[PDB]
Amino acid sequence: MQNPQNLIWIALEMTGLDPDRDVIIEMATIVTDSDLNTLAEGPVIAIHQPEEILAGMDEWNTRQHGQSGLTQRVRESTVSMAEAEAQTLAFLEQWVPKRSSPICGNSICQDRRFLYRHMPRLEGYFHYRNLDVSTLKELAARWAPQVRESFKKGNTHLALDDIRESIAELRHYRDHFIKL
């Protein structure tokens, strides 16, 4: 089912936002076609982390992941960082060829930073380009403010709705901000 036009959408949770101090604890992927139609949904993987890493999280993160249950899921997981990377790679490979899709989503420079340090082979499977929806949001804010203020932010507390809300944010801009 491969197709170099298909897009790889990704969302990550981390113990914090610094790739040197922090680690990935959840990953999720969704492959669309070039026109934002879902082809398939990757695994949502909580990635095992030892207790020292888990206790080493700052205050805001310790609360947010604990109350979400991600901490407990991460504590129980038998899937390592490398194993999750391979699981996501095994899935992405039947839909998108190597170095074809950019990373798609929101705030995905930070995602590329973490993939670079912690999953270098998955980072390498993307085209080096970034499809970041917030570029369009930033342009809409300046040049067509009504299109951005008209977007209906969804719930996104779970990883696949999070990605789907980003895909729907691109749709909104394709429909109301992009002459085609």
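The first residue of the shown sequence is 1; numbering continues from there.
Averaged over CA atoms, B-factors in the entry run higher in 168 to 176 than in the other of 8 to 16 and 168 to 176. Look at the mean CA B-factor for 112 to 120 and for 57 to 65 in the entry; the higher one is 57 to 65.
Placement of the Cα temperature factor of residue 48 within the chain: lowest third of the modelled residues, per the deposited record. For residue 102, the recorded CA temperature factor ranks within the middle third of the chain's modelled residues. Looking at the C-alpha B-factors along this chain, the one for residue 93 belongs to the highest third. Split the chain's modelled residues into thirds by C-alpha temperature factor. Residue 132 is in the middle one.
Residue 70: CA B factor in the lowest third of modelled residues in this chain (values from the PDB entry).
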